[PDB]
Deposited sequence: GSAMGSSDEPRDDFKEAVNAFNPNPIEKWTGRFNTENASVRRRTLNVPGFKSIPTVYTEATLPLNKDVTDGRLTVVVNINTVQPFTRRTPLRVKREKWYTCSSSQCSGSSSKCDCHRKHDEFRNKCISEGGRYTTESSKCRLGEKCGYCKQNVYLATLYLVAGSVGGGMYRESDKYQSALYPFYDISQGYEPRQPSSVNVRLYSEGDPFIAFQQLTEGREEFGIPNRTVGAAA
């Protein structure tokens, strides 16, 4: 559990990632060394290279194409949809008629669509869900280590965020004019945190 994370943090070597300069599309990349604050641990080092991509000709028919040309990393291209769906379920908890229809209203009100799954919203019941439009703000990429000081985009980790799919990215209710791109190493504690935990707590 926490020991597996301990195993990852200690093994992590951020030194090679300090060389990950280059470009995401047009923009120059900048290596960022930051700290991961988790209870019971000294400040954990997380390192990635990043850039801010403006929405321009890199957008075509709702998809953002990013070309990754980072040093020591075998270059690759990634395509990501600007828009995806966010499905959230309402459960009638002890905390549900009054709290149910507002959840319903928020969904509609915020541009989403609500779907009923039960004729009546009883305690402990999945009464329905909201399908919400969310838009790409932050894009996480992962490069797996190859021998000889070289890297290559990770097949298993299509993202740095659990569950690590292509679309497992930072999506917002309101689409920004620019997208922030980030490239991680597989051994980064942020990914290890995400994996072992999924929900940012141990």
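Relative to the deposited sequence, which regions have no modelled C-alpha positions in the structure?
Missing CA coords at 1-9, 105-114, 222-233.
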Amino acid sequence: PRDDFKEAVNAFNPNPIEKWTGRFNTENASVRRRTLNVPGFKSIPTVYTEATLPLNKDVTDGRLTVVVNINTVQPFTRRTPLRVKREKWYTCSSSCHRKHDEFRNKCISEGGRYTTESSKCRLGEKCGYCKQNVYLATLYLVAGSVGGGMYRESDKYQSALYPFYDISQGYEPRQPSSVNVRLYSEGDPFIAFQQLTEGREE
From here on, numbers count along this sequence of modelled residues.
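Which of 37-45 and 66-74 has higher mean CA B factor, as the PDB entry lists it
Result of the comparison: 37-45.
If you average the CA temperature factors as listed in the entry, which stretch comes out higher, 21-29 or 5-13?
5-13 has the higher mean C-alpha B-factor.
Of the three thirds of its chain by CA temperature factor, lowest, middle or highest, which one includes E153?
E153: CA B-factor falls in the lowest third of its chain.
When the deposited Cα B-factors of this chain's modelled residues are ordered and cut into thirds, is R86 in the lowest, the middle or the highest one?
It belongs to the lowest third of the chain when residues are ordered by C-alpha B-factor.
Split the chain's modelled residues into thirds by Cα B-factor; is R122 in the lowest, middle or highest one?
For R122, the deposited C-alpha B-factor lands in the middle third.
Select lowest, middle or highest to describe the third in which the CA B-factor of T80 falls within its chain in this entry.
Lowest third of the chain for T80's C-alpha B-factor.
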